Amino acid sequence: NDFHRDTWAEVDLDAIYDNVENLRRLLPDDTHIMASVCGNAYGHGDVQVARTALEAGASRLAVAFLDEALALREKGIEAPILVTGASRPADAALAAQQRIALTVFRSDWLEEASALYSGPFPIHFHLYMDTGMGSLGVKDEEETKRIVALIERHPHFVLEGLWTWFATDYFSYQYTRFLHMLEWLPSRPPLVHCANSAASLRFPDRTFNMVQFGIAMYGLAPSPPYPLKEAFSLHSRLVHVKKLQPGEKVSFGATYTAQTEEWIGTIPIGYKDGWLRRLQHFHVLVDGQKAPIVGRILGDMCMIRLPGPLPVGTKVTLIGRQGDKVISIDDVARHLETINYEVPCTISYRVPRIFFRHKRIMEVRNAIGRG
Amino acid sequence: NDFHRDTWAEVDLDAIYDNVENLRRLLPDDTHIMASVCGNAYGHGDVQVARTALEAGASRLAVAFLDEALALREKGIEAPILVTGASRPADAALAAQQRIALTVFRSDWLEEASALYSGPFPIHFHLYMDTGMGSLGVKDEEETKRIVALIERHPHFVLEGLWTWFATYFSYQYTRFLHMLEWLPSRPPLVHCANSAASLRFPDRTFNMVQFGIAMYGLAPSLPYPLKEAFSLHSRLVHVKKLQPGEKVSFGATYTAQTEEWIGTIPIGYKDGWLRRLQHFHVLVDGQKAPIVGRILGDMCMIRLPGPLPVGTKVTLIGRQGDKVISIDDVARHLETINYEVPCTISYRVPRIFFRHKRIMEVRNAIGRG
Amino acid sequence: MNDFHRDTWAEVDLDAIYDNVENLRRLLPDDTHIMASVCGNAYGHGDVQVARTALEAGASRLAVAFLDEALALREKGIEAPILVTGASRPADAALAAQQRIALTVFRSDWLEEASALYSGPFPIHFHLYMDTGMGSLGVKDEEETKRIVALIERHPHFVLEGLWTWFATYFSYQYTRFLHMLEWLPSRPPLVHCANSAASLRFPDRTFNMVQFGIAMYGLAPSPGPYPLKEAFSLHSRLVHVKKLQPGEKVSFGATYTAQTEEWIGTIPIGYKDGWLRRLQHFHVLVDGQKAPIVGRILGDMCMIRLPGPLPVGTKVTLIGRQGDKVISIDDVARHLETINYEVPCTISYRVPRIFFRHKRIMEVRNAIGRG
Amino acid sequence: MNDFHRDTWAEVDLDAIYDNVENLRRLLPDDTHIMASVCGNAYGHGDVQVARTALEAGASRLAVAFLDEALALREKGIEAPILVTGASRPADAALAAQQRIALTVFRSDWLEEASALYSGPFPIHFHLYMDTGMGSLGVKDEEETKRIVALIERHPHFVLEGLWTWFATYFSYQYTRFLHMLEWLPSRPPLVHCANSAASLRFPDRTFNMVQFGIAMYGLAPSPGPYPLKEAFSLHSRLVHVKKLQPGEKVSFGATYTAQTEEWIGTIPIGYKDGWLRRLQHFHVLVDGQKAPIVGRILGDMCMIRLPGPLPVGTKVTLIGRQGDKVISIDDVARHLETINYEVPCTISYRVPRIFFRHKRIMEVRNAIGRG
Amino acid sequence: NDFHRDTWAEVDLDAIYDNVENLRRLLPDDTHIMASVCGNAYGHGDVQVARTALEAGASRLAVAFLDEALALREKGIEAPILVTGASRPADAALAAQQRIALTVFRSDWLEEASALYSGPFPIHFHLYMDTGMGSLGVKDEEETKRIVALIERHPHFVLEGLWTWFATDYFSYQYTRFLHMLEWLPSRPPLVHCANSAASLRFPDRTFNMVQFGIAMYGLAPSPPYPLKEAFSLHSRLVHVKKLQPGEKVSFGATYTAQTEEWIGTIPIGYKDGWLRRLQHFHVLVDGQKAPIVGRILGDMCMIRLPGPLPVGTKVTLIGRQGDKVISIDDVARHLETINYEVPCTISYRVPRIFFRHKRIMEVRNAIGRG
């Protein structure tokens, strides 16, 4: 709800709405769109992103483990949800009562589940096929047969889907093998899909009747027809400004020595906020200009060298646009020497999220706010 | 409450209790101990750590910004709390109502607070003195005098204390503090400092309250009593694949087996705070050091097992497993950062299990139902 | 849980509220909004009940005296726009912004303070109150108006939504004086209104695209004097005891009372703690269709009335309202009290239940001190 | 959530309540209970706050005017015994019984009706109110007393807990008349008390093992005149606007006001909707330590005062209480209003926050219309 | 809380307090007392009875299945609780987090449990030994060994107890066999107990360090030093009375013909209240006299022939005392041709319970009351 530190993230839900609407137009009315909202929508806000996606065209959601699926249900999400990661056989009943589909990786798992669950709710499963270069998943025809047999036998089990993850030139091997495995099934599952496939993201396949719109939904390219809009931005404000004389010292994480007369500003964001120490020499946007982060990043604050004296309260943009200049997630990731996925995800619970929709503030989410 | 993924953190509150208890001895019965629980107790659990510290002898708590203090109050903590970072003057009433003390860095700030606030609750302020190498704080007698004047005049303003942060030399800042301290008409009820290697070791002051920083968590921020580490991180294998010589595995990149081996996948990734730079780090499984192979994904990472191991086998990322042990400093070293950052990065989606007296006290799942 | 356990209550006929506003909505052009005033818990009629009835009848905006009253409405489900017409603290702008509540500004100094202490993220809507020279507050000159306009245009989250004034009840002078102040603004604000203007309720005035239906919305003539206004508030109680007295007999109900002749005295459970002030000591109430004088001093929780012959316990007494062909209006009570009508319903305390009627059928009962 | 957003509030010094009762508890013998009266939301001081303070100071029982007030106390955690001193419905006996609330009985007919409609399972405690001849209600003869006694002894769940009367303020006559009515009972009831007896507050009277600390508990003399009583209620506001006027200048605040000379007028956010009635139009308030007259008519949410020279916005105005060496008591307000002290605090509306002080430190703030 | 039909049950908690206090005095300070509160305390009120028992001397509670144990925890009971009946292996985690001990009947069950549960809470088990004439339980040394092995291996499993049910002249066989089985355990479990043993209910055994105070705690003899006090009573009131002339007819469930001038009274209790139809010719107490139930018992009412005309509101006692006359549970059971256990248990949720303590009403429990 309300927050009391001048540091926050903004989530432009129109960027998310637009991205999904454009994909919904491109793909044939036959293909479903599954929106990925794991890790609290990659740090964007699980329920806010989920509703916007469903509203724009998505029809199903994907999360990493059971708790993320239960969080969506509790917050009012009624659309289908698939747990793409591992789960405990003992939780079958729970997932079943909550109408949450689960992915199966081993026949061994389904047997445990079929043995400790008798009903009354029907539980839907999706099989993850290991095409041969994976670390997990169904690996052979024998195993595939055991799984199919356990489902048709059990009165509450339902084989809803089949999918796999395509690594990114192994596409050949990983596809011919998949097509081969898909034939081991007596009949074609209601939903055939896959993840991390730029191919089925632009060109139609048809072997797949559901596409997984992963990180691209957030305007981030998963690997460096319509443009993608970035939805995440990060801001803060100067809470102090100190003028330094030449030669003067200031001990941030280490020791900084002013080479000339300059002004140092402190903003209330640090590595506890997910603004990692490696961003030690990155720059930020203040008063429309670029300003360098000097000295080490502290736990709850970091210092920036200002062009001249600015008043406390001046807005600082860490990720986003100011004037004609811009800083994107890729820029931050590049400086950190990591992938864009990791950036928004690392922005901790401590930082409130402000959601915009139709160029207008919709709501504020302060994970540690009162209530 | 409950959790449904085999990944979790453990917080030994006995480690917290003992660390505070030890410091409670070395310090004279006249000096308060202030426990810092900012950042949700550095990833350990704000209310849990807070209560434990208060039981072991601590009397006040410190957080970085107002929302953290308000959260501690909403959770039932009644002990005095000090906001060490910046706050908005327009929030003075809110702070006063909740009995939250605030740190003052400029006279302009108080000037605004004074005009915006009229009562009826009293607001306790702590003056932060800039000895010289800081990025903020009060530094001249002129401003210090303005602050003392604003408070005296205001019916609901109270100068509760003054402090400074000793960066790490110490000899200069010290005498400089004593000098600045003498500017005040009357010595404040509380005079404390933060990050003082000598305030821990040695008592004696000047200082009737010392800030037990990260040390309370058993992390050396760089003597006459041992410090216990209170944080451990664990997970379990959720799948095991056997590989033949030369067999390939397309993880985050291309990995090739060079012998018969088994690879275990654990349900923890970078979206959990287990950052990608840990791709060549070792974890603990079956009492042995197993290396993380390939790249660390968002929700999972792979490890070469010391041999065939069943699903469910317990994997320890930070902590002890039999004869082997992985400390926080170890992880920090690999990542090339400081220990502080490690636990603080373990995300909200990772449950914390609290132990007290060698036995499980509670579970907290930040995303559990309710 | 809205039950009550004392035979004393007030009745709020929401059909009267609905009809009064519906009539006004008919008269005014579609371009003209109707602002419904619901300060003071809708002048003792029930804030949320009156608000939604006024809204359903054609009103599109609400007005309250201070921030708390606005927050109370939002907490009770009201979503329509709300304007705080009285003073507020600069430091509460954020709270008001977060809650979509507009604030009235009377001094540039106030805005200067609010501008310096607020930075976002919600936009805050302001209405400037102009002092046309004979008031006790408000913007009075062009230089201050410009400073204000400047501050708003300069602040990214500040919005100039309206402008208004209160015409004292010398009107011709104020009206023209207001037109001058209007031109002091670069452009015309989204909403231009005024209050206490009987004229704006009789004839549509192109100058204002929003009119304030003050106390008249409750059927009370804001002054001495197009459509019929119906009152919505009545007050009732019941006899809880009756006693026959002989000539000369004394009774000490606050003061000494001597029965000049054989008579019957009834006691009803309502007193000054209920807002039925002591000054109503010799007013007449309705019982069994007859006017009966309240004799003796009014106590905190009860008062005695001289009855027109024997009557059983449980007999309905009407303090304000109709009984048979006899009627007692709020103005009748005000007159006896030597005060204005506005004050009567507002004084009927929080401990007197309000029974709401809609479509000639009970709708809800709200007992401010009931369990829950 | 007990924050408020208008600079107008009342203060309740619970130390005063504690001290007044503590003094009474010292005087009265251990066999004598003290009943604390908390009807009317503790005469506008806050029911639960005053109740528990009185209880902590030595009072062992509470009194309210009607059932709802008693249910409100129970819902707020009060466990001490409560007596409804006013009328109630026979059909509510079960509810009252279930909640351990005692009821006053004034007529045998009432008990007959309650006996016929209640059968259990909770016991219900009654206190008989005797009319000593000069009252307007209560049991008046021995035959009715016997019928009542009979009904109770006959009903398994009915209990005769007490007997009391109200001595008018002819006392010698009533006292003796009460002793006669007392002997009409087979045995002496567990509790025998009376109300409005200054005597019972000065000297211990073996006839009553429980005394009613009425309004005196609030530091208000129930009449004109052993221990010092301290007042617990003050009322405050702040200037929200100030305007300098020249000689002859006019201001229309309800009525026309002409400045006979250069002067400064301040406006505070409190009006008749807050219980600060219009009749207080020429009363004096405290501002900057000086007495200042309220000039012009009091509006619903504000009133203007003539200031002693220029003063900034935010200056504290004290309507009731002390400022410097000047003081304004409740009796001073009552006098100007031509009413009794009892009525003043009771009239200060539900929308004015009450700030409670205990041990010279703020304890809680209860804003009846605050969020929550 | 409140109820609005003149039919109710009274539970004298002093009867329960006294019974337990007397047993606590008799047994040595070494032996624990386990109070049985299954079936909502045999229709007496689970939480009310549990607290009273713990307060009088009991230290542990027993319920039939998991939900009854969870109901006690939710209502504030923190004392130990044992599920004496069957439970699902998948619920181990739940019982574990709630500190609820479970009974194990097969090694097969423990294996399923040990396989789907890894932690973090310790779960306590009690082994039910089948002495040879049971329908379930551990039957041999091999099975006993497997169970012991699974517990010591698993880091969270704890063997807390061992018990069995003694049928009631097979006591010999069922005891010598039990003593024999008890030796198969490496060490003696912390708690050794048994159920339905009148023997260990009066005379000390010592082989058992915990006695199960079953139905006797309620003042009911489980098979027809200090006396037992009956805690349950049932009442109602006449809601109508009709005078009949000789020869007159009234069609209750069937057809009743008045043989003479008589008065018929109707009370608002029927078989939906658990006042079964077979009580068709039982008698009840009204105005201190016995009165016969005439005509069939209806769903929500039943008729009684009154001595003379009584007013509506007159109290009717179905189980309890009026004047010098009394009706006990055994009387009702005898008429029904069943055991006393079944009577209070059958008194449905529809009938509120009024609890007394120290000859004073403590609280009312109306299962279908508002809230």
# chains A, B, ... in the order shown; residues from 1 in each chain; ligands from 1
>>> select_by_dssp(residues="region 215-310 of chain C", states="strand (DSSP E or B)", output="count of residues only")
38
>>> interface_residues(of="chain E", to="chain A", cutoff="8 Å", atoms="only C-alpha atoms", output="list in words")
residues 88, 89, 90, 91 and 116 of chain E
>>> closest_atom_pairs(of="chain E", to="chain D", cutoff="12 Å", atoms="only C-alpha atoms", output="CSV")
residue,atom,partner,partner_atom,distance
E:1,CA,D:98,CA,9.0
E:2,CA,D:98,CA,8.3
E:3,CA,D:121,CA,10.6
E:4,CA,D:94,CA,11.0
E:5,CA,D:120,CA,11.7
E:6,CA,D:119,CA,9.2
E:7,CA,D:121,CA,11.3
E:8,CA,D:121,CA,10.0
E:9,CA,D:121,CA,11.3
E:10,CA,D:121,CA,10.2
E:235,CA,D:121,CA,11.6
E:236,CA,D:119,CA,11.3
E:237,CA,D:119,CA,9.9
E:311,CA,D:116,CA,11.1
E:312,CA,D:116,CA,10.5
E:313,CA,D:119,CA,7.9
E:314,CA,D:119,CA,9.5
E:315,CA,D:119,CA,9.3
E:352,CA,D:121,CA,11.8
E:353,CA,D:121,CA,11.2
E:354,CA,D:121,CA,8.3
E:355,CA,D:121,CA,10.5
E:356,CA,D:121,CA,10.6
E:360,CA,D:122,CA,9.1
E:361,CA,D:122,CA,6.9
E:362,CA,D:122,CA,9.4
E:363,CA,D:98,CA,9.1
E:364,CA,D:121,CA,9.2
>>> closest_residue(among="E:157, E:121, E:256, E:173", to="chain B", atoms="only C-alpha atoms")
E:121
>>> select_by_dssp(residues="region 147-335 of chain E", states="alpha helix (DSSP H)", output="PyMOL selection string")
chain E and resi 147-153+173-182+329-335
>>> interface_residues(of="chain B", to="chain C", cutoff="10 Å", atoms="only C-alpha atoms", output="list in words")
residues 88, 89, 90, 91, 92, 93, 112, 113, 115, 116 and 117 of chain B
>>> atom_distance(atom1="CA of residue 302 (chain C)", atom2="CA of residue 272 (chain D)")
23.0 Å
>>> closest_atom_pairs(of="region 194-290 of chain D", to="region 159-176 of chain D", cutoff="12 Å", atoms="only C-alpha atoms", output="CSV")
residue,atom,partner,partner_atom,distance
D:194,CA,D:164,CA,4.7
D:195,CA,D:166,CA,4.8
D:196,CA,D:167,CA,5.8
D:197,CA,D:167,CA,6.2
D:198,CA,D:169,CA,9.2
D:199,CA,D:171,CA,10.2
D:200,CA,D:167,CA,10.8
D:205,CA,D:175,CA,11.4
D:207,CA,D:175,CA,10.0
D:208,CA,D:164,CA,8.9
D:209,CA,D:162,CA,10.3
D:210,CA,D:164,CA,9.7
D:211,CA,D:164,CA,9.9
D:212,CA,D:164,CA,10.1
D:214,CA,D:166,CA,11.4
D:222,CA,D:169,CA,9.2
D:223,CA,D:169,CA,8.0
D:224,CA,D:169,CA,10.5
>>> interface_residues(of="chain B", to="chain E", cutoff="10 Å", atoms="only C-alpha atoms", output="list in words")
residues 1, 2, 6, 236, 312, 313, 314, 353, 359, 360, 361, 362 and 363 of chain B
>>> write_last_selection(atoms="N, CA and C atoms", output="PDB file, in the first residue's frame")
ATOM      1  N   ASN B   1       4.019 -20.496   7.947  1.00  0.00           N
ATOM      2  CA  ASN B   1       3.551 -21.841   7.754  1.00  0.00           C
ATOM      3  C   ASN B   1       4.053 -22.966   6.851  1.00  0.00           C
ATOM      4  N   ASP B   2       3.317 -23.564   6.002  1.00  0.00           N
ATOM      5  CA  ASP B   2       3.957 -24.599   5.222  1.00  0.00           C
ATOM      6  C   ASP B   2       4.656 -24.242   3.911  1.00  0.00           C
ATOM      7  N   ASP B   6      11.544 -28.348  -1.889  1.00  0.00           N
ATOM      8  CA  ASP B   6      12.615 -28.818  -1.024  1.00  0.00           C
ATOM      9  C   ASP B   6      13.860 -27.923  -0.987  1.00  0.00           C
ATOM     10  N   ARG B 236      17.223 -30.304  -1.674  1.00  0.00           N
ATOM     11  CA  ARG B 236      17.253 -31.749  -1.876  1.00  0.00           C
ATOM     12  C   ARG B 236      17.263 -32.075  -3.368  1.00  0.00           C
ATOM     13  N   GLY B 312      15.765 -36.944  -3.095  1.00  0.00           N
ATOM     14  CA  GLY B 312      15.429 -36.634  -1.721  1.00  0.00           C
ATOM     15  C   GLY B 312      16.675 -36.420  -0.891  1.00  0.00           C
ATOM     16  N   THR B 313      17.820 -36.848  -1.418  1.00  0.00           N
ATOM     17  CA  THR B 313      19.094 -36.684  -0.709  1.00  0.00           C
ATOM     18  C   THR B 313      19.301 -35.212  -0.366  1.00  0.00           C
ATOM     19  N   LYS B 314      19.654 -34.950   0.885  1.00  0.00           N
ATOM     20  CA  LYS B 314      19.847 -33.592   1.359  1.00  0.00           C
ATOM     21  C   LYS B 314      21.119 -32.905   0.875  1.00  0.00           C
ATOM     22  N   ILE B 353      13.685 -21.559   8.406  1.00  0.00           N
ATOM     23  CA  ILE B 353      13.243 -22.401   9.510  1.00  0.00           C
ATOM     24  C   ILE B 353      14.071 -21.978  10.723  1.00  0.00           C
ATOM     25  N   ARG B 359      16.084 -27.172  18.907  1.00  0.00           N
ATOM     26  CA  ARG B 359      14.807 -27.640  18.381  1.00  0.00           C
ATOM     27  C   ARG B 359      14.033 -26.585  17.590  1.00  0.00           C
ATOM     28  N   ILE B 360      13.348 -27.050  16.553  1.00  0.00           N
ATOM     29  CA  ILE B 360      12.574 -26.196  15.665  1.00  0.00           C
ATOM     30  C   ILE B 360      11.514 -25.357  16.385  1.00  0.00           C
ATOM     31  N   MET B 361      11.626 -24.037  16.257  1.00  0.00           N
ATOM     32  CA  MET B 361      10.706 -23.101  16.900  1.00  0.00           C
ATOM     33  C   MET B 361       9.535 -22.700  15.999  1.00  0.00           C
ATOM     34  N   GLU B 362       9.740 -22.497  14.728  1.00  0.00           N
ATOM     35  CA  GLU B 362       8.832 -22.024  13.677  1.00  0.00           C
ATOM     36  C   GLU B 362       9.318 -22.010  12.285  1.00  0.00           C
ATOM     37  N   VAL B 363       8.462 -21.921  11.359  1.00  0.00           N
ATOM     38  CA  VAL B 363       8.716 -21.808   9.939  1.00  0.00           C
ATOM     39  C   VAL B 363       8.159 -20.570   9.334  1.00  0.00           C
TER      40      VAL B 363
END
>>> residues_around(residues="residue 59 (chain B)", least_positions_apart="6", cutoff="8 Å", atoms="only C-alpha atoms", output="VMD selection string")
chain B and resid 32 to 35 79 to 80
>>> residues_around(residues="residue 352 (chain B)", least_positions_apart="6", cutoff="10 Å", atoms="only C-alpha atoms", output="list in words")
residues 3, 7, 8, 9, 10, 11, 43, 44, 45, 231, 232, 233, 362, 363, 364, 365 and 366 of chain B
>>> atom_distance(atom1="CA of residue 345 (chain B)", atom2="CA of residue 272 (chain B)")
7.9 Å
>>> residues_around(residues="region 209-215 of chain E", least_positions_apart="5", cutoff="7 Å", atoms="only C-alpha atoms", output="ChimeraX atom specification")
/E:30-36,191-195,220,222
>>> write_last_selection(atoms="C-alpha atoms", output="PDB file, in the first residue's frame")
ATOM      1  CA  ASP E  30       4.321 -42.551  37.795  1.00  0.00           C
ATOM      2  CA  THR E  31       1.346 -43.405  35.595  1.00  0.00           C
ATOM      3  CA  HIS E  32      -0.019 -40.894  33.086  1.00  0.00           C
ATOM      4  CA  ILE E  33      -3.721 -40.553  32.340  1.00  0.00           C
ATOM      5  CA  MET E  34      -4.831 -40.366  28.720  1.00  0.00           C
ATOM      6  CA  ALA E  35      -8.328 -38.900  28.233  1.00  0.00           C
ATOM      7  CA  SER E  36     -10.361 -40.090  25.258  1.00  0.00           C
ATOM      8  CA  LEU E 191       4.878 -44.791  26.940  1.00  0.00           C
ATOM      9  CA  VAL E 192       3.405 -48.282  27.320  1.00  0.00           C
ATOM     10  CA  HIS E 193      -0.379 -48.405  27.555  1.00  0.00           C
ATOM     11  CA  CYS E 194      -3.567 -50.213  26.571  1.00  0.00           C
ATOM     12  CA  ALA E 195      -7.278 -49.659  26.137  1.00  0.00           C
ATOM     13  CA  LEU E 220     -20.658 -44.538  31.804  1.00  0.00           C
ATOM     14  CA  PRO E 222     -17.840 -49.726  29.747  1.00  0.00           C
TER      15      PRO E 222
END
>>> residues_around(residues="residue 328 (chain D)", least_positions_apart="2", cutoff="10 Å", atoms="only C-alpha atoms", output="list in words")
residues 234, 235, 284, 285, 286, 291, 318, 319, 320, 321, 322, 323, 326, 330, 331, 332 and 333 of chain D
>>> write_last_selection(atoms="N, CA and C atoms", output="CSV table (one decimal), in the first residue's frame")
chain,number,residue,atom,x,y,z
D,234,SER,N,-10.7,18.6,28.4
D,234,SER,CA,-10.3,19.8,27.8
D,234,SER,C,-10.5,19.7,26.3
D,235,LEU,N,-10.6,20.8,25.6
D,235,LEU,CA,-10.9,20.8,24.2
D,235,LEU,C,-10.0,21.9,23.5
D,284,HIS,N,-15.6,33.4,25.3
D,284,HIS,CA,-14.2,33.7,25.1
D,284,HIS,C,-13.4,32.4,25.1
D,285,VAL,N,-12.4,32.3,24.2
D,285,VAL,CA,-11.5,31.2,24.2
D,285,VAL,C,-10.1,31.7,24.5
D,286,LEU,N,-9.2,30.7,24.7
D,286,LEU,CA,-7.8,31.1,25.0
D,286,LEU,C,-6.9,30.9,23.8
D,291,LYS,N,-7.6,35.9,26.5
D,291,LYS,CA,-9.0,35.6,26.3
D,291,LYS,C,-9.3,36.3,25.0
D,318,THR,N,-7.5,27.2,22.9
D,318,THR,CA,-8.0,26.3,23.9
D,318,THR,C,-9.4,26.7,24.2
D,319,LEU,N,-10.4,25.8,24.0
D,319,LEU,CA,-11.8,26.2,24.2
D,319,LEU,C,-12.1,25.8,25.6
D,320,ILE,N,-11.6,24.7,26.1
D,320,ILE,CA,-11.9,24.3,27.5
D,320,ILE,C,-10.5,23.8,28.0
D,321,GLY,N,-10.1,24.4,29.1
D,321,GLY,CA,-8.8,24.1,29.7
D,321,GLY,C,-7.9,25.2,30.1
D,322,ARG,N,-6.6,25.0,30.2
D,322,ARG,CA,-5.7,26.1,30.7
D,322,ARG,C,-4.7,26.5,29.7
D,323,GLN,N,-4.3,27.8,29.7
D,323,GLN,CA,-3.3,28.3,28.8
D,323,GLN,C,-2.7,29.5,29.6
D,326,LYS,N,-4.4,31.7,32.6
D,326,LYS,CA,-5.8,31.9,32.4
D,326,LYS,C,-6.4,30.5,32.2
D,330,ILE,N,-15.4,23.8,32.3
D,330,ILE,CA,-16.7,23.3,31.7
D,330,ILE,C,-17.8,24.2,32.2
D,331,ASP,N,-17.8,24.4,33.6
D,331,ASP,CA,-18.8,25.3,34.2
D,331,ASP,C,-18.9,26.6,33.5
D,332,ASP,N,-17.8,27.2,33.1
D,332,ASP,CA,-17.8,28.5,32.4
D,332,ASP,C,-18.5,28.4,31.1
D,333,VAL,N,-18.4,27.2,30.4
D,333,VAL,CA,-19.1,27.0,29.1
D,333,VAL,C,-20.6,26.8,29.4
>>> closest_residue(among="C:19, C:135, C:10, C:359", to="residue 250 (chain D)", atoms="only C-alpha atoms")
C:135
